[PDB]
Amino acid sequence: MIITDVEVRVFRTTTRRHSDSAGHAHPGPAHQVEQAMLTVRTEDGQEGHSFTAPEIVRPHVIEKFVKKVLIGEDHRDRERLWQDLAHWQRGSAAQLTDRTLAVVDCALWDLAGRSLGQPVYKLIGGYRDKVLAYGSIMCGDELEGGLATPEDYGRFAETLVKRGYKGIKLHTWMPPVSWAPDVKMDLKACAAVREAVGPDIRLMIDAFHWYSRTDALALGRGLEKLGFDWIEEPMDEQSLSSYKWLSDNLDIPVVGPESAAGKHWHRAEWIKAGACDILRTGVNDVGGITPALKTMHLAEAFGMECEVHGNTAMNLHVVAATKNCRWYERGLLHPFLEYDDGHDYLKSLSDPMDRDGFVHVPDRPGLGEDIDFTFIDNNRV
């Protein structure tokens, strides 16, 4: 069960998903994007895999940090290995990130699952085999017929309800969109969606992540008359105090923190200070499945829900293994893209959804990602 190799394979995936200068996703021309796959192998030849961006698992990080911690170690000692990596972050000159911790932890979970022939959520201790998912809409754009106007969001929302989604979350306009951000426009989009889907579909909004306190209050107040389930990260999450203030001034539930650093430790501070009404976590945000589970348990002890940020198997398994999370986040979605088509490097979807809005966790070992190793080999960088 001893780890003998840690390898990274970079390949090209064909996609229409682009990201602007601020990191927001948008649909664009079909192009090839470099993707990396991390593989951990043991003495007996068993392997575990996980995907991430090339820079996160580049040679510098693999040689200086990851191999030194994993090679020659019992792969099942996930807590000891995660803690070893966490301990080296402070002195890593800012290069050993939570993102690197997440991919390594995920590969370790996949390795244990594949080695035992067990789905990761079943190994953790399963709670549910299927879970409701909300359609998470991409940030706004300036594409005619895409997500350029409030009406465009309303029209896309109708399409998502038809698909089966019981919940819908809007990500509104953000720079570099020429005129963004604009609280009034964001509210018009929210109103358009509510008008289009009716009062029975659950709605949420994840607007510009850096609004001032005054703008966030105006946004939240406008959401009141629309009956939205929650307002997500409307202000810079580095300001815990701003969230304590905003929560005390809004009726609508505030969910967070999504992007704030500090992993589960910082999440505890948000609970202690009453900075949110619903907690938030994510495998990529807190450094892996291991710390994500800790954040779920933390929230549960306070009788709170903890909504998991992000799609893909790693997050789906956390959701399936816990009770205090209302949804699995399926997206990001856009009218110009067909999410159900999947990825070219995966033979099947990790998160198939039925016509009733329930995603069914695949009955496959580990994270259950149906990897097309042949495609990856044929498209190596």
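From 1 onward, residues are counted along the sequence shown.
- Relative to its counterpart among 302-310 and 225-233, 225-233 has the higher mean temperature factor, C-alpha atoms as listed in the PDB entry.
- The PDB entry records a higher mean C-alpha B factor for 255-263 than for its counterpart among 275-283 and 255-263.
- When the Cα B-factors of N324, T39, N315, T42 are read from the PDB record, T42 comes out highest.
- For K64, the recorded CA temperature factor ranks within the highest third of the chain's modelled residues.
- For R90, the recorded CA temperature factor ranks within the lowest third of the chain's modelled residues.
- Ranked by Cα temperature factor within the chain, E158 sits in the highest third according to the deposited record.
- In this PDB entry, the Cα temperature factor of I168 sits in the bottom third of its chain's modelled residues, the lowest group.
- Looking at the C-alpha B-factors along this chain, the one for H334 belongs to the lowest third.
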